[PDB]
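S.K.: My file is start36.pdb. It has PDB, C-alpha atoms and all ligand atoms:
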ATOM      1  CA  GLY A   1      41.684  12.777 -17.871
ATOM      2  CA  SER A   2      44.934  13.663 -15.947
ATOM      3  CA  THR A   3      45.686  13.819 -12.159
ATOM      4  CA  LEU A   4      47.415  17.002 -10.760
ATOM      5  CA  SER A   5      49.166  17.435  -7.407
ATOM      6  CA  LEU A   6      49.431  20.652  -5.361
ATOM      7  CA  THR A   7      52.706  21.323  -3.435
ATOM      8  CA  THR A   8      53.549  23.300  -0.294
ATOM      9  CA  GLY A   9      54.351  26.177  -2.737
ATOM     10  CA  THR A  10      52.416  28.412  -5.123
ATOM     11  CA  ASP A  11      50.847  26.263  -7.797
ATOM     12  CA  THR A  12      49.571  27.288 -11.199
ATOM     13  CA  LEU A  13      47.673  24.254 -12.451
ATOM     14  CA  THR A  14      45.632  23.905 -15.610
ATOM     15  CA  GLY A  15      43.492  20.824 -16.441
ATOM     16  CA  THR A  16      43.234  18.909 -19.733
ATOM     17  CA  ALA A  17      39.657  19.922 -20.593
ATOM     18  CA  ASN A  18      38.779  16.335 -19.643
ATOM     19  CA  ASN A  19      38.055  14.010 -16.617
ATOM     20  CA  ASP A  20      40.839  15.560 -14.516
ATOM     21  CA  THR A  21      41.274  15.499 -10.743
ATOM     22  CA  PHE A  22      43.225  17.943  -8.514
ATOM     23  CA  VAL A  23      44.849  16.734  -5.293
ATOM     24  CA  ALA A  24      45.375  19.125  -2.431
ATOM     25  CA  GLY A  25      46.691  16.727   0.159
ATOM     26  CA  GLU A  26      49.581  16.844   2.598
ATOM     27  CA  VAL A  27      53.325  16.724   2.024
ATOM     28  CA  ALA A  28      55.067  16.095   5.311
ATOM     29  CA  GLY A  29      51.890  16.711   7.125
ATOM     30  CA  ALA A  30      52.092  20.193   5.627
ATOM     31  CA  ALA A  31      49.036  21.571   3.771
ATOM     32  CA  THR A  32      49.244  21.915  -0.046
ATOM     33  CA  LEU A  33      46.452  24.421  -0.635
ATOM     34  CA  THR A  34      48.466  27.537   0.177
ATOM     35  CA  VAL A  35      48.865  31.223  -0.624
ATOM     36  CA  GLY A  36      48.481  32.199  -4.310
ATOM     37  CA  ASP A  37      47.514  28.728  -5.552
ATOM     38  CA  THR A  38      45.509  29.118  -8.753
ATOM     39  CA  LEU A  39      43.628  26.167 -10.275
ATOM     40  CA  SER A  40      41.898  25.918 -13.627
ATOM     41  CA  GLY A  41      39.724  23.057 -14.963
ATOM     42  CA  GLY A  42      38.695  22.964 -18.714
ATOM     43  CA  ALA A  43      35.955  20.351 -19.566
ATOM     44  CA  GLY A  44      33.237  19.092 -17.121
ATOM     45  CA  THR A  45      34.569  16.116 -15.229
ATOM     46  CA  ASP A  46      36.637  18.196 -12.761
ATOM     47  CA  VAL A  47      37.279  17.323  -9.109
ATOM     48  CA  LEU A  48      39.306  19.056  -6.364
ATOM     49  CA  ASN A  49      40.161  16.893  -3.317
ATOM     50  CA  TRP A  50      41.358  18.915  -0.408
ATOM     51  CA  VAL A  51      42.561  16.745   2.546
ATOM     52  CA  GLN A  52      44.385  18.047   5.634
ATOM     53  CA  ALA A  53      45.145  16.902   9.145
ATOM     54  CA  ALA A  54      44.910  20.531  10.211
ATOM     55  CA  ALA A  55      41.585  22.413  10.667
ATOM     56  CA  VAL A  56      40.296  24.176   7.527
ATOM     57  CA  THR A  57      40.280  27.743   8.447
ATOM     58  CA  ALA A  58      39.285  29.715   5.301
ATOM     59  CA  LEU A  59      40.428  29.746   1.655
ATOM     60  CA  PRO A  60      44.074  30.940   1.730
ATOM     61  CA  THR A  61      45.181  34.399   0.422
ATOM     62  CA  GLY A  62      45.172  34.743  -3.378
ATOM     63  CA  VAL A  63      43.735  31.276  -3.929
ATOM     64  CA  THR A  64      41.370  31.052  -6.910
ATOM     65  CA  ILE A  65      39.562  27.888  -8.004
ATOM     66  CA  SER A  66      37.970  28.078 -11.427
ATOM     67  CA  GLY A  67      36.378  25.632 -13.889
ATOM     68  CA  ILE A  68      36.214  22.879 -11.280
ATOM     69  CA  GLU A  69      32.778  21.352 -10.700
ATOM     70  CA  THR A  70      33.192  19.263  -7.502
ATOM     71  CA  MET A  71      35.108  20.369  -4.360
ATOM     72  CA  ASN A  72      35.710  17.774  -1.557
ATOM     73  CA  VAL A  73      37.057  19.169   1.737
ATOM     74  CA  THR A  74      38.144  16.747   4.501
ATOM     75  CA  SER A  75      39.800  17.700   7.824
ATOM     76  CA  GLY A  76      41.155  15.932  10.897
ATOM     77  CA  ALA A  77      39.770  18.934  12.833
ATOM     78  CA  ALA A  78      37.072  21.670  12.214
ATOM     79  CA  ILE A  79      36.030  23.183   8.888
ATOM     80  CA  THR A  80      35.296  26.827   8.457
ATOM     81  CA  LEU A  81      35.108  27.989   4.904
ATOM     82  CA  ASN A  82      33.173  30.367   2.704
ATOM     83  CA  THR A  83      33.025  29.749  -1.021
ATOM     84  CA  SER A  84      30.851  32.591  -2.310
ATOM     85  CA  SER A  85      34.039  34.164  -3.788
ATOM     86  CA  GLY A  86      37.328  33.079  -5.322
ATOM     87  CA  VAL A  87      35.427  30.061  -6.534
ATOM     88  CA  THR A  88      33.579  30.101  -9.857
ATOM     89  CA  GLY A  89      32.031  27.254 -11.882
ATOM     90  CA  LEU A  90      31.523  25.078  -8.810
ATOM     91  CA  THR A  91      28.302  23.002  -8.932
ATOM     92  CA  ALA A  92      29.049  20.788  -5.855
ATOM     93  CA  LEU A  93      30.767  21.425  -2.466
ATOM     94  CA  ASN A  94      31.187  18.502  -0.009
ATOM     95  CA  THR A  95      32.649  19.061   3.436
ATOM     96  CA  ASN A  96      33.658  16.291   5.835
ATOM     97  CA  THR A  97      34.482  16.287   9.547
ATOM     98  CA  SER A  98      34.848  13.536  12.048
ATOM     99  CA  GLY A  99      34.538  14.742  15.600
ATOM    100  CA  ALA A 100      34.761  18.535  15.228
ATOM    101  CA  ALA A 101      32.631  21.570  14.246
ATOM    102  CA  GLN A 102      31.586  22.769  10.795
ATOM    103  CA  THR A 103      30.835  26.323   9.703
ATOM    104  CA  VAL A 104      30.303  26.471   5.956
ATOM    105  CA  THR A 105      28.835  29.036   3.535
ATOM    106  CA  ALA A 106      28.444  28.194  -0.170
ATOM    107  CA  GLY A 107      27.646  30.431  -3.134
ATOM    108  CA  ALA A 108      24.219  29.968  -4.699
ATOM    109  CA  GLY A 109      24.642  27.712  -7.731
ATOM    110  CA  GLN A 110      26.663  25.300  -5.500
ATOM    111  CA  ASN A 111      25.122  22.155  -3.921
ATOM    112  CA  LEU A 112      26.464  21.895  -0.404
ATOM    113  CA  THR A 113      26.761  18.563   1.450
ATOM    114  CA  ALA A 114      28.027  18.643   5.069
ATOM    115  CA  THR A 115      28.778  15.072   6.297
ATOM    116  CA  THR A 116      29.903  14.841   9.949
ATOM    117  CA  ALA A 117      30.707  11.625  11.875
ATOM    118  CA  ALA A 118      30.767  11.515  15.694
ATOM    119  CA  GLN A 119      29.420  15.082  15.965
ATOM    120  CA  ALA A 120      29.219  14.948  19.816
ATOM    121  CA  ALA A 121      29.030  18.457  21.406
ATOM    122  CA  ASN A 122      30.328  20.111  18.190
ATOM    123  CA  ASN A 123      28.007  22.407  16.214
ATOM    124  CA  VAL A 124      27.205  22.251  12.544
ATOM    125  CA  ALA A 125      26.133  25.538  10.944
ATOM    126  CA  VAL A 126      25.631  25.916   7.167
ATOM    127  CA  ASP A 127      24.481  28.770   4.887
ATOM    128  CA  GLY A 128      23.726  29.728   1.295
ATOM    129  CA  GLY A 129      24.236  27.186  -1.497
ATOM    130  CA  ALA A 130      21.718  25.810  -4.012
ATOM    131  CA  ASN A 131      20.500  22.402  -2.645
ATOM    132  CA  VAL A 132      21.945  21.828   0.794
ATOM    133  CA  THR A 133      22.304  18.493   2.566
ATOM    134  CA  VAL A 134      23.420  17.997   6.152
ATOM    135  CA  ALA A 135      24.320  14.367   7.055
ATOM    136  CA  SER A 136      25.272  14.153  10.730
ATOM    137  CA  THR A 137      25.867  10.876  12.776
ATOM    138  CA  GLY A 138      26.891  10.158  16.452
ATOM    139  CA  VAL A 139      25.257  13.418  17.415
ATOM    140  CA  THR A 140      24.639  14.247  21.174
ATOM    141  CA  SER A 141      24.671  18.027  22.286
ATOM    142  CA  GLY A 142      25.475  19.433  18.845
ATOM    143  CA  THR A 143      23.166  21.956  17.278
ATOM    144  CA  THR A 144      22.430  21.620  13.616
ATOM    145  CA  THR A 145      21.560  24.952  12.051
ATOM    146  CA  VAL A 146      20.842  25.876   8.377
ATOM    147  CA  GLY A 147      20.337  29.219   6.651
ATOM    148  CA  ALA A 148      20.586  31.296   9.856
ATOM    149  CA  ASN A 149      22.579  33.917   7.829
ATOM    150  CA  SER A 150      21.666  33.030   4.234
ATOM    151  CA  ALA A 151      18.977  30.625   2.890
ATOM    152  CA  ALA A 152      19.422  27.945   0.223
ATOM    153  CA  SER A 153      18.347  28.541  -3.447
ATOM    154  CA  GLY A 154      17.007  24.976  -3.640
ATOM    155  CA  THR A 155      16.076  22.275  -1.134
ATOM    156  CA  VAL A 156      17.287  21.721   2.406
ATOM    157  CA  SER A 157      17.720  18.086   3.516
ATOM    158  CA  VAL A 158      19.047  17.685   7.076
ATOM    159  CA  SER A 159      19.491  14.298   8.686
ATOM    160  CA  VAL A 160      20.805  13.659  12.210
ATOM    161  CA  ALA A 161      21.576  10.344  14.067
ATOM    162  CA  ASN A 162      22.119  10.031  17.894
ATOM    163  CA  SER A 163      23.215   6.907  19.918
TER     164      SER A 163
ATOM    165  CA  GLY B   1      49.714  -6.877 -12.914
ATOM    166  CA  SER B   2      51.355  -3.458 -12.104
ATOM    167  CA  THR B   3      53.257  -2.374  -8.922
ATOM    168  CA  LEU B   4      52.355   0.986  -7.190
ATOM    169  CA  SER B   5      54.352   2.955  -4.605
ATOM    170  CA  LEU B   6      52.940   5.239  -1.886
ATOM    171  CA  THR B   7      54.896   8.459  -1.022
ATOM    172  CA  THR B   8      55.022  10.693   2.055
ATOM    173  CA  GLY B   9      52.301  12.754   0.245
ATOM    174  CA  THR B  10      48.659  12.271  -0.723
ATOM    175  CA  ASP B  11      48.484   9.443  -3.222
ATOM    176  CA  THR B  12      45.767   8.631  -5.698
ATOM    177  CA  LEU B  13      46.528   5.132  -6.949
ATOM    178  CA  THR B  14      44.380   3.002  -9.225
ATOM    179  CA  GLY B  15      45.067  -0.632 -10.200
ATOM    180  CA  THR B  16      44.952  -2.404 -13.573
ATOM    181  CA  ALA B  17      42.016  -4.714 -12.808
ATOM    182  CA  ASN B  18      44.663  -7.450 -12.581
ATOM    183  CA  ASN B  19      47.441  -8.941 -10.295
ATOM    184  CA  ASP B  20      48.521  -5.555  -8.924
ATOM    185  CA  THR B  21      50.403  -4.854  -5.687
ATOM    186  CA  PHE B  22      50.541  -1.638  -3.583
ATOM    187  CA  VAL B  23      53.628  -0.714  -1.526
ATOM    188  CA  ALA B  24      53.306   1.420   1.576
ATOM    189  CA  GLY B  25      56.821   1.479   2.973
ATOM    190  CA  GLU B  26      58.920   4.263   4.532
ATOM    191  CA  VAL B  27      60.793   7.152   2.946
ATOM    192  CA  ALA B  28      63.173   8.704   5.420
ATOM    193  CA  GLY B  29      61.739   6.628   8.139
ATOM    194  CA  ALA B  30      58.565   8.610   7.470
ATOM    195  CA  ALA B  31      55.384   6.579   6.848
ATOM    196  CA  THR B  32      53.901   6.472   3.321
ATOM    197  CA  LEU B  33      50.330   5.669   4.289
ATOM    198  CA  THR B  34      49.312   9.229   5.142
ATOM    199  CA  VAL B  35      46.385  11.631   5.246
ATOM    200  CA  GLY B  36      44.059  11.544   2.218
ATOM    201  CA  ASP B  37      45.715   8.564   0.497
ATOM    202  CA  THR B  38      43.129   6.845  -1.675
ATOM    203  CA  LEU B  39      43.782   3.398  -3.157
ATOM    204  CA  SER B  40      41.722   1.515  -5.698
ATOM    205  CA  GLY B  41      42.132  -2.087  -6.927
ATOM    206  CA  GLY B  42      40.055  -3.395  -9.950
ATOM    207  CA  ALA B  43      40.233  -7.231 -10.482
ATOM    208  CA  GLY B  44      40.958  -9.871  -7.765
ATOM    209  CA  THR B  45      44.678 -10.314  -7.332
ATOM    210  CA  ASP B  46      45.154  -7.146  -5.220
ATOM    211  CA  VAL B  47      47.689  -6.767  -2.408
ATOM    212  CA  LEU B  48      48.583  -3.868  -0.082
ATOM    213  CA  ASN B  49      51.910  -4.164   1.798
ATOM    214  CA  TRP B  50      52.144  -1.710   4.623
ATOM    215  CA  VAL B  51      55.591  -1.690   6.369
ATOM    216  CA  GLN B  52      56.702   0.845   9.015
ATOM    217  CA  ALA B  53      59.320   1.122  11.733
ATOM    218  CA  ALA B  54      56.781   3.105  13.738
ATOM    219  CA  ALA B  55      53.843   1.512  15.621
ATOM    220  CA  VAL B  56      50.623   1.100  13.601
ATOM    221  CA  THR B  57      48.115   3.152  15.357
ATOM    222  CA  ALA B  58      44.941   3.601  13.208
ATOM    223  CA  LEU B  59      44.063   4.292   9.583
ATOM    224  CA  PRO B  60      45.021   7.921   8.810
ATOM    225  CA  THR B  61      42.423  10.705   8.167
ATOM    226  CA  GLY B  62      40.714  10.580   4.765
ATOM    227  CA  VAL B  63      42.396   7.306   3.815
ATOM    228  CA  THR B  64      40.140   4.926   1.854
ATOM    229  CA  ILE B  65      41.357   1.514   0.683
ATOM    230  CA  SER B  66      38.992  -0.117  -1.760
ATOM    231  CA  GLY B  67      38.977  -3.074  -4.152
ATOM    232  CA  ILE B  68      42.013  -4.565  -2.425
ATOM    233  CA  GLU B  69      41.734  -8.182  -1.257
ATOM    234  CA  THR B  70      44.861  -8.772   0.882
ATOM    235  CA  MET B  71      46.282  -6.307   3.455
ATOM    236  CA  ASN B  72      49.742  -7.074   5.003
ATOM    237  CA  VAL B  73      50.689  -4.888   7.981
ATOM    238  CA  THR B  74      54.210  -5.097   9.467
ATOM    239  CA  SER B  75      55.556  -2.896  12.295
ATOM    240  CA  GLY B  76      58.803  -2.481  14.224
ATOM    241  CA  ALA B  77      56.535  -1.675  17.207
ATOM    242  CA  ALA B  78      52.845  -2.413  18.200
ATOM    243  CA  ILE B  79      49.844  -2.815  15.905
ATOM    244  CA  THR B  80      46.457  -1.425  16.697
ATOM    245  CA  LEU B  81      44.023  -1.342  13.847
ATOM    246  CA  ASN B  82      40.329  -1.867  13.228
ATOM    247  CA  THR B  83      39.258  -2.765   9.723
ATOM    248  CA  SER B  84      35.468  -3.101   9.993
ATOM    249  CA  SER B  85      35.381   0.264   8.048
ATOM    250  CA  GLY B  86      37.426   2.457   5.692
ATOM    251  CA  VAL B  87      38.475  -0.738   4.000
ATOM    252  CA  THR B  88      36.005  -2.392   1.634
ATOM    253  CA  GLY B  89      36.454  -5.539  -0.460
ATOM    254  CA  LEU B  90      39.021  -7.004   1.923
ATOM    255  CA  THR B  91      39.078 -10.868   2.095
ATOM    256  CA  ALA B  92      42.411 -11.231   4.010
ATOM    257  CA  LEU B  93      44.156  -9.199   6.788
ATOM    258  CA  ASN B  94      47.656 -10.255   7.983
ATOM    259  CA  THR B  95      49.328  -8.405  10.830
ATOM    260  CA  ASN B  96      52.950  -8.870  11.911
ATOM    261  CA  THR B  97      54.822  -7.805  15.054
ATOM    262  CA  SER B  98      58.163  -8.718  16.461
ATOM    263  CA  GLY B  99      58.481  -7.916  20.129
ATOM    264  CA  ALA B 100      55.435  -5.713  20.768
ATOM    265  CA  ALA B 101      51.650  -5.900  21.362
ATOM    266  CA  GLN B 102      48.838  -6.476  18.877
ATOM    267  CA  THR B 103      45.267  -5.246  19.158
ATOM    268  CA  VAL B 104      43.383  -6.012  15.968
ATOM    269  CA  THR B 105      39.698  -6.111  14.944
ATOM    270  CA  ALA B 106      38.684  -7.316  11.466
ATOM    271  CA  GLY B 107      35.314  -7.065   9.704
ATOM    272  CA  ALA B 108      33.499 -10.370   9.192
ATOM    273  CA  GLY B 109      34.201 -11.561   5.647
ATOM    274  CA  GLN B 110      37.932 -10.888   6.335
ATOM    275  CA  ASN B 111      40.383 -13.707   7.297
ATOM    276  CA  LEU B 112      42.637 -12.403  10.040
ATOM    277  CA  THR B 113      46.163 -13.763  10.666
ATOM    278  CA  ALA B 114      48.135 -12.297  13.603
ATOM    279  CA  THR B 115      51.793 -13.499  13.512
ATOM    280  CA  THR B 116      53.969 -12.294  16.424
ATOM    281  CA  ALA B 117      57.646 -13.201  17.051
ATOM    282  CA  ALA B 118      59.304 -12.773  20.465
ATOM    283  CA  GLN B 119      55.968 -11.919  22.132
ATOM    284  CA  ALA B 120      57.527 -11.701  25.654
ATOM    285  CA  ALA B 121      55.303  -9.760  28.139
ATOM    286  CA  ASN B 122      53.308  -8.154  25.280
ATOM    287  CA  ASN B 123      49.624  -9.042  24.837
ATOM    288  CA  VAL B 124      47.922 -10.201  21.691
ATOM    289  CA  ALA B 125      44.182  -9.461  21.492
ATOM    290  CA  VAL B 126      42.115 -10.066  18.333
ATOM    291  CA  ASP B 127      38.413  -9.729  17.426
ATOM    292  CA  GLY B 128      35.893 -10.274  14.648
ATOM    293  CA  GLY B 129      37.027 -11.524  11.237
ATOM    294  CA  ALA B 130      35.937 -14.639   9.320
ATOM    295  CA  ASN B 131      38.621 -17.355   9.948
ATOM    296  CA  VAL B 132      41.120 -16.063  12.465
ATOM    297  CA  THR B 133      44.630 -17.423  13.017
ATOM    298  CA  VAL B 134      46.970 -16.377  15.805
ATOM    299  CA  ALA B 135      50.624 -17.496  15.383
ATOM    300  CA  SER B 136      52.685 -16.449  18.391
ATOM    301  CA  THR B 137      56.370 -17.514  19.159
ATOM    302  CA  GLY B 138      58.881 -16.661  21.996
ATOM    303  CA  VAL B 139      55.941 -16.101  24.284
ATOM    304  CA  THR B 140      56.502 -15.707  28.119
ATOM    305  CA  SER B 141      53.968 -13.486  30.156
ATOM    306  CA  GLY B 142      51.850 -12.470  27.177
ATOM    307  CA  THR B 143      48.157 -13.182  27.147
ATOM    308  CA  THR B 144      46.638 -14.380  23.939
ATOM    309  CA  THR B 145      42.974 -13.465  23.706
ATOM    310  CA  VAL B 146      40.432 -13.957  20.850
ATOM    311  CA  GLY B 147      36.862 -12.756  20.376
ATOM    312  CA  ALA B 148      36.575 -11.085  23.808
ATOM    313  CA  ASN B 149      34.585  -8.250  22.104
ATOM    314  CA  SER B 150      33.460  -9.873  18.838
ATOM    315  CA  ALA B 151      33.602 -13.558  17.761
ATOM    316  CA  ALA B 152      34.908 -14.949  14.464
ATOM    317  CA  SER B 153      32.462 -15.943  11.625
ATOM    318  CA  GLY B 154      34.596 -19.001  10.828
ATOM    319  CA  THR B 155      37.317 -20.950  12.634
ATOM    320  CA  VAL B 156      39.699 -19.853  15.342
ATOM    321  CA  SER B 157      43.215 -21.356  15.170
ATOM    322  CA  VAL B 158      45.572 -20.106  17.900
ATOM    323  CA  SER B 159      49.089 -21.427  18.297
ATOM    324  CA  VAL B 160      51.607 -20.271  20.925
ATOM    325  CA  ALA B 161      55.315 -21.215  21.518
ATOM    326  CA  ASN B 162      57.346 -20.486  24.751
ATOM    327  CA  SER B 163      61.132 -21.056  25.404
TER     328      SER B 163
HETATM  329 CA    CA A 201      39.230  19.359 -17.421
HETATM  330 CA    CA A 202      50.138  24.974  -2.908
HETATM  331 CA    CA A 203      35.564  21.812 -15.738
HETATM  332 CA    CA A 204      50.950   8.813   0.905
HETATM  333 CA    CA A 205      43.839  -4.794 -10.055
HETATM  334 CA    CA A 206      40.512  -6.075  -6.579
END
If you convert what's in this file into structure tokens, what do you get?
Ligand SMILES: [Ca+2]
Ligand SMILES: [Ca+2]
Ligand SMILES: [Ca+2]
Ligand SMILES: [Ca+2]
Ligand SMILES: [Ca+2]
Ligand SMILES: [Ca+2]

M.R.:
Amino acid sequence: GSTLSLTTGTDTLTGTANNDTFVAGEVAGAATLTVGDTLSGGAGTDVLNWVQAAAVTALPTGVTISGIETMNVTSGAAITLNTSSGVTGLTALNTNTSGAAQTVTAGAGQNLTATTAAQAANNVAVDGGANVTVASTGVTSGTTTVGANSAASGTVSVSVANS
Amino acid sequence: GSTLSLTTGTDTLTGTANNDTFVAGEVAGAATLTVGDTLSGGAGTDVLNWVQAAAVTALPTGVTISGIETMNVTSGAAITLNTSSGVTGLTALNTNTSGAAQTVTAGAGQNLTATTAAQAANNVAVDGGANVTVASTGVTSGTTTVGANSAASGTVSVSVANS
């Protein structure tokens, strides 16, 4: 497939109907998933990689992801996002912190996986989704908490490591 | 092979499975190894050249280097990096200072070489790696120190010149 890059602007990106991958990285340390961004996939080998130094905070205004099967979200700080709306066609959501909190809610139909390194006193909380997986290492004080607001459609699989 | 250039953005670079070389220089004196950069090698003639006026500090968030055999790191200031993770497939790490400190840790299986010109009162400290080599010139006050925290798998070979 083809590889498509988001900018610090408003992007209107449309995939090849093939193995295509969407990059929502940084530009000068400025986020590229931004207001009004609309992304569209085509055929079923579609990936969105969202990577940011800054904390993920929510989906930004007017953003719509569609036809993209896998969403990877990685932050230098906390993640807080909800994906029960704006996002359609998403089978797999993977969220990644190292050393800060996570507060994620997925739509049913989406397999959530919340990987967290060096969790320390930070709290993971996840909700909704189809199959959920929590994978937390370096844990300490941190609560892990699943389905407190909305249960999973499928299986829960927490795992937690402490040193 | 083919020759691939990193930008001040998020790069998704994939080698030919051949003699390919990856350039991670500067753009306006802004680093090109940056958040979310993912690099991928293929076959075994793979080189990453990372060159920066600014001190090397750590691998940036979400960066994954993979399938790349040789990593060259050159800085106008200090180097501090650990490569026992994030980097996979790495047989050779070479780090280069001129007139500032070095604090490097390599994974076993990786041959470390820490070359330092005009060391002066700056301290070299290295750890881990397979074969390690320290090559220090213009030395003065500077301590040289190997395996204080983790020994080498193979041979140590320090050499130190003072004027
Ligand atoms: Ca597609
Ligand atoms: Ca954008
Ligand atoms: Ca698709
Ligand atoms: Ca880059
Ligand atoms: Ca290659
Ligand atoms: Ca290779």

S.K.: For each of A:36, A:41, A:25, A:147, take the minimum atom-to-atom distance to residue A:10, counting all atoms listed in the file, then give the residue where this is smallest.

M.R.: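 The shortest atom-to-atom distance to residue A:10 comes from A:36.
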
S.K.: Would you mind listing the residues within 9 Å of ligand CA 205 (chain A), counting all atoms listed in the file, as number ranges by chain?

M.R.: B: 1-2, 14-21, 40-47, 67-68

S.K.: Taking all atoms listed in the file into account, find every residue of chain A that has an atom no more than 10 Å from chain B, and write it out as a list in words.

M.R.: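 The selection requested is residues 3, 4, 5, 6, 7, 21, 23, 24, 25, 26, 27, 28, 29, 30, 32, 49, 50, 51, 52, 53, 73, 74, 75, 76, 77, 96, 97 and 98 of chain A.
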
S.K.: Write the residues of the preceding selection, restricted to C-alpha atoms, as an mmCIF file, in the frame of the given file.

M.R.:
data_model
loop_
_atom_site.group_PDB
_atom_site.id
_atom_site.type_symbol
_atom_site.label_atom_id
_atom_site.label_comp_id
_atom_site.auth_asym_id
_atom_site.auth_seq_id
_atom_site.Cartn_x
_atom_site.Cartn_y
_atom_site.Cartn_z
ATOM 1 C CA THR A 3 45.686 13.819 -12.159
ATOM 2 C CA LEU A 4 47.415 17.002 -10.760
ATOM 3 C CA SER A 5 49.166 17.435 -7.407
ATOM 4 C CA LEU A 6 49.431 20.652 -5.361
ATOM 5 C CA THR A 7 52.706 21.323 -3.435
ATOM 6 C CA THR A 21 41.274 15.499 -10.743
ATOM 7 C CA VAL A 23 44.849 16.734 -5.293
ATOM 8 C CA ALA A 24 45.375 19.125 -2.431
ATOM 9 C CA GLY A 25 46.691 16.727 0.159
ATOM 10 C CA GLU A 26 49.581 16.844 2.598
ATOM 11 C CA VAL A 27 53.325 16.724 2.024
ATOM 12 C CA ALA A 28 55.067 16.095 5.311
ATOM 13 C CA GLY A 29 51.890 16.711 7.125
ATOM 14 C CA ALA A 30 52.092 20.193 5.627
ATOM 15 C CA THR A 32 49.244 21.915 -0.046
ATOM 16 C CA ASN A 49 40.161 16.893 -3.317
ATOM 17 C CA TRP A 50 41.358 18.915 -0.408
ATOM 18 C CA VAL A 51 42.561 16.745 2.546
ATOM 19 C CA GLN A 52 44.385 18.047 5.634
ATOM 20 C CA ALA A 53 45.145 16.902 9.145
ATOM 21 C CA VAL A 73 37.057 19.169 1.737
ATOM 22 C CA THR A 74 38.144 16.747 4.501
ATOM 23 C CA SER A 75 39.800 17.700 7.824
ATOM 24 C CA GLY A 76 41.155 15.932 10.897
ATOM 25 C CA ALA A 77 39.770 18.934 12.833
ATOM 26 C CA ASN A 96 33.658 16.291 5.835
ATOM 27 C CA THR A 97 34.482 16.287 9.547
ATOM 28 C CA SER A 98 34.848 13.536 12.048
#

S.K.: For residue A:161, list every protein, DNA or RNA residue within 8 Å, evaluated using only C-alpha atoms, and leave out those in the same chain fewer than 5 positions away; present the list as a PDB file with C-alpha atoms, in the frame of the given file.

M.R.:
ATOM      1  CA  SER A 136      25.272  14.153  10.730  1.00  0.00           C
ATOM      2  CA  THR A 137      25.867  10.876  12.776  1.00  0.00           C
ATOM      3  CA  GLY A 138      26.891  10.158  16.452  1.00  0.00           C
ATOM      4  CA  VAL A 139      25.257  13.418  17.415  1.00  0.00           C
TER       5      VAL A 139
END

S.K.: Within 6 Å of (53.9, -9.6, 28.1), all atoms listed in the file: residues as a ChimeraX atom specification?

M.R.: /B:120-123,141-142

S.K.: Enumerate, as a list in words, the residues matched when the PyMOL selection byres (((chain B and resi 145) around 6) and not hetatm) is run on the file above.

M.R.: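 Checked against the file, the PyMOL selection byres (((chain B and resi 145) around 6) and not hetatm) matches residues 125, 144 and 146 of chain B.
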
S.K.: Would you list the residues near (46.3, -14.6, 18.4), meaning any protein, DNA or RNA residue with an atom at most 10 Å from that point in file coordinates, counting all atoms listed in the file, as a PyMOL selection string?

M.R.: chain B and resi 102-104+112-116+123-127+132-136+143-147+156-160

S.K.: Grab all the atoms of stretch 65-70 of chain A that the file lists, wrap them in a box along x, y and z, add 6 Å per side, and give me centre plus edge lengths in Å (one decimal) as lines of an AutoDock Vina configuration file.

M.R.:
center_x = 36.2
center_y = 23.7
center_z = -10.7
size_x = 18.8
size_y = 20.8
size_z = 18.4

S.K.: Work out how far atom CA of residue B:130 is from atom CA of residue B:58, in Å to one decimal.

M.R.: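 For atom CA of residue B:58 relative to atom CA of residue B:130, the distance reads 20.7 Å.
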
S.K.: Rank nothing, just name the residue among A:111, A:88, A:82, A:38 nearest to ligand CA 203 (chain A), using only C-alpha atoms and all ligand atoms.

M.R.: A:88

S.K.: What gap, in Å, lies between atom CA of ligand CA 206 (chain A) and atom CA of residue B:131?

M.R.: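 About the pair atom CA of ligand CA 206 (chain A) and atom CA of residue B:131: they are 20.1 Å apart.
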
S.K.: Report, in Å with one decimal, the straight-line distance from atom CA of residue B:155 to atom CA of residue B:108.

M.R.: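 Answer for the atom CA of residue B:155 to atom CA of residue B:108 separation: 11.8 Å.
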
S.K.: Nearest to residue A:22: which of A:154, A:162, A:93, A:71 is it, counting all atoms listed in the file?

M.R.: A:71

S.K.: Using all atoms listed in the file, which protein or nucleic acid residues come within 8 Å of residue A:84? Drop anything in the same chain fewer than 6 positions from it, and give the result as a PyMOL selection string.

M.R.: chain A and resi 105-108

S.K.: Given only C-alpha atoms and all ligand atoms as the basis, pick out the residue of A:83, A:57, A:89, A:72 nearest to ligand CA 203 (chain A).

M.R.: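 With only C-alpha atoms and all ligand atoms as the atom set, the closest residue is A:89.
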